[PDB]
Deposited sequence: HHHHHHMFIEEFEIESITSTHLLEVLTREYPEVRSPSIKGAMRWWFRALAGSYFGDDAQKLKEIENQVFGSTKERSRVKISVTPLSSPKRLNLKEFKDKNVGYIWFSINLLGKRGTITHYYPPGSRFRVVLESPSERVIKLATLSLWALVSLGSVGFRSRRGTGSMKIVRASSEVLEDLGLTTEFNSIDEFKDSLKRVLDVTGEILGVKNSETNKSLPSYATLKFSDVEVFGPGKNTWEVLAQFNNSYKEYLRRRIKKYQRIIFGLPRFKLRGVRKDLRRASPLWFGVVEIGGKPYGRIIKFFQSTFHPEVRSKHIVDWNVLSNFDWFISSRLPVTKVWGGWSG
C-alpha cells in the first residue's frame, strides 16, 4: 500500500487553462498528471529501441488507457486561490514577448485569474505496486526538475519546485527534492537515467528522450523576474531575425536550396526554457531535445506562436555565461 506525497510551489506565474483548449487549440495547457505521463515516456524511452509499441505497453500499464485501469492514482489539489491577473505587469516586468499570448488573452478578457508565484499544490501518488510507485515518482521528479505545467510553459510559465515532501522512493534512490549546487543537479540526472533502466529491466529514437537532450543553466539572477526578463530580451532578438528570415525564404526571391554537407543539418530541435532554483537562487534553465522524427519551423499560424528551437541558445549564451548540466547529444 505505497504512498508518496509532495507539495509543489510555483516559481513563475502558472496558467492552468485546460478549459480553453476545446475552442482554441493553440492553448495547450498540460496538467500535472498530463506532464508526468509525458516525462515518463521521456525517461523510459531512453531505453526502448524506436520500439514505440513496447513503450506504449509500459506507459498504459502504469498510467492507464481507454481499455486499461491505471496502477497509480494521482491526486492533485490546489492549496492556493487564483489571483486576479495584472495586465500592467507585462510591460513593467519585461516579459512582453515571450508571454505575449497570455497578455492577448488578458486584454480580451478570456482569462482573469492565474496562479502567481507562491501558489501551492498537493500531489499524492498511490499504488499497490512498488515498480509503479518508483516510476511515477521519477516522472514527477523529472517534471519539476526539467519541466513545467500550464499554458506557455515551454517559455517560462509554470516552473515548479518542491517545498515539502514525504517520499520513501527518493530516499531509497538517493535523490533530493532540491539542488544545493549544480553538481548535485548533474549527479541526480545521471542517477535518474541509471535507476530508470533497472526498474524496467535490461542509436537515436524518434521521440524526445532525456538520454538524448542537452540541459543548460545560467545565473544566478537577482530574482526570478530578472531571469525571465533575460529570456525576453533574447527571444525578442530571435523573433526579429526570424521574421526577417522567413519573409526572405517564403516570400522573397526564389532560390534553389543546396543540400547540406551534413545529413539533417537544418533540422533544429525543440527548446524549452524555465526557472530552476539552485542553492536558493534563481537560474535560467534550458533543455534541447534532439531526435530523428522531424518538426518544421514553419507552421500555419502567427510567427509569434512558432515553437522556439535549439538555434536560440546563441541568443542567451553569447550574452551571458552558460553551464552544461547534461551533455547527451
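Enquirer: How would you write out the unmodelled ranges of the deposited sequence, numbered from 1?
Expert: Absent from the structure are positions 1-6, 209-215, 343-344.
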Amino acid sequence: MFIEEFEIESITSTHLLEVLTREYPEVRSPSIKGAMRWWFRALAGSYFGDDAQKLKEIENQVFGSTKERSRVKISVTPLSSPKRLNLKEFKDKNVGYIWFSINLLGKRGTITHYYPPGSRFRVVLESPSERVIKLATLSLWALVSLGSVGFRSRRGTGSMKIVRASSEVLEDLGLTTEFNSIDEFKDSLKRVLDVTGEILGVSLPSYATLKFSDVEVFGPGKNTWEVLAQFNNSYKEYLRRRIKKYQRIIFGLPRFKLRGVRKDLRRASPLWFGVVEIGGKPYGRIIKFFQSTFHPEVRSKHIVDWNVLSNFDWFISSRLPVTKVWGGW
From here on, numbers count along this sequence of modelled residues.
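Enquirer: Please work out which of 89-97 and 183-191 has the higher mean CA B-factor as recorded in the PDB entry.
Expert: The recorded data point to 89-97.
Enquirer: Averaged over C-alpha atoms, is the B-factor higher for 137-145 or for 80-88 in this PDB entry?
Expert: If you average the C-alpha B-factors of 137-145 and of 80-88, the larger mean comes out for 80-88.
Enquirer: Name the residue from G197, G156, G252, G118 with the greatest C-alpha temperature factor listed in the entry.
Expert: Of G197, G156, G252, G118, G197 has the highest C-alpha B-factor.
Enquirer: Please pick out which of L271, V275, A35, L55 has the largest Cα B-factor as recorded in the entry.
Expert: Of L271, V275, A35, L55, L55 has the highest C-alpha B-factor.
Enquirer: Could you place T110 in the lowest, middle or highest third of its chain by Cα temperature factor, using the values in the record?
Expert: Middle third of the chain for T110's C-alpha B-factor.
Enquirer: By its CA B factor, does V72 count among the lowest, middle or highest third of the modelled residues in the chain?
Expert: For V72, the deposited C-alpha B-factor lands in the highest third.
Enquirer: Based on the deposited C-alpha B factors for this chain, I'd like to know if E168 is in the lowest, middle or highest third.
Expert: Its C-alpha B-factor, which the entry lists for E168, ranks in the middle third among residues of this chain.
Enquirer: Splitting the chain's C-alpha B-factors into thirds, which one does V62 fall into?
Expert: For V62, the deposited C-alpha B-factor lands in the highest third.
Enquirer: Consider only the C-alpha atoms of the modelled residues in this chain, order them by B-factor as the entry records it, and name the third containing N103: lowest, middle or highest.
Expert: It belongs to the lowest third of the chain when residues are ordered by C-alpha B-factor.
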